[PDB]
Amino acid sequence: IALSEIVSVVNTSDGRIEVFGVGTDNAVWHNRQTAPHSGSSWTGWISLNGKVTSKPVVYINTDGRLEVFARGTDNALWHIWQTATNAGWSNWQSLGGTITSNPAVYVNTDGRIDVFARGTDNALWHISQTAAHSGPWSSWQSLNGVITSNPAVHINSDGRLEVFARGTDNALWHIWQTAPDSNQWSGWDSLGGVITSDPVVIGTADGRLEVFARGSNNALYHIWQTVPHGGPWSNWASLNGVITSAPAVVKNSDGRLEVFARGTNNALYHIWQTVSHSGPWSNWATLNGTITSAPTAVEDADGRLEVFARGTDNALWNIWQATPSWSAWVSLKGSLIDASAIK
């Protein structure tokens, strides 16, 4: 499993990027832009306390309230939420269970968050809100399977959640909701390949799921639905390169996909669709630096990509999509650890 992303990132409801990581005290810390623009100053790192043993995973409820999910020291899923959009936070609360991966989080079309995690039996399990952006939560339910990566979730363009994970054969496997908002899922299906990172999944501008993962030769590979919210899936295709972290995928403001990963010189690299969201991929290009995590990418309120990665000083560093060339790297300070539950 290629070096993990070390923060969870969200666009707040007021257009500010907020990042969540694990400090050297195993607490969750967060940092937010002071202004909704590229190159904004930051609040500085502020602790949400807790003691976690996974990557913390933020998700925005449909009412704009942020909510963070993490594995606790008792192996349960814990969460903490804003009591009002972009306002104060709750205490940490346990959702129980015994989990063995990072959480994977998405929201159903009815506003109910669904959380996925590997169990003690290596199966995929999930637990959900029973009302829009609200408790009470459901019981934990097994979706079976036997998985060997962190799971990744995204919604189809018809409202059906879908989960991706590496299997016992190191192939990519997936499972999907049969209908929006449903607790009834499909059987597991193999998409084959041999993957050497967690998978990441995104929705294309034209309503198809597309998955990226590192392959056996450390190249970047991808595979996609060929019909909106449906099959068949494509064959795997190589995007070449040699990468030494998990890949991070994001959509530009114009729909063009762009992928970030660490290279074999420990620098940040990227590759992008050219011309349009239907266009052919660029060559790989360096964004320099010396990074000690996978990168994390998000679009800011100015429509520009922003990238975060740990530096050799263990601070979080930032670089963004200025024109004609990307910005200088700038430090957000902090000291972050990789608490990913599967590495």
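Rigid core here is just the name for the largest C-alpha set that superposes within 1.5 Å across the two forms. Start at 1 and count along the sequence shown; that's the residue number.
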{"item": "Higher-deviation stretch (C-alpha RMS, rigid core fit) in 4 other deposited structures of this protein, choosing from 50 to 58 and 273 to 281", "value": "273 to 281"}
{"item": "Entries skipping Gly23: at least a third of other ones", "value": "no"}
{"item": "Residue gap status of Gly334, at least a third of other entries", "value": "no"}
{"item": "Stretch exceeding the other in mean C-alpha B-factor - 86 to 94, 152 to 160", "value": "86 to 94"}
{"item": "Among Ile202, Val115, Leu124, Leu257 - the residue whose C-alpha B-factor is largest in the record", "value": "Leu257"}
{"item": "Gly15 CA temperature factor, ranked by third within the chain", "value": "middle"}
{"item": "Position of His37 among the chain's modelled residues by C-alpha B-factor, lowest, middle or highest third", "value": "middle"}
{"item": "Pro324 - Cα temperature factor, lowest/middle/highest third of chain", "value": "highest"}
{"item": "CA B-factor ranking of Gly311, expressed as a third of its chain", "value": "middle"}
{"item": "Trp281 - Cα temperature factor, lowest/middle/highest third of chain", "value": "highest"}
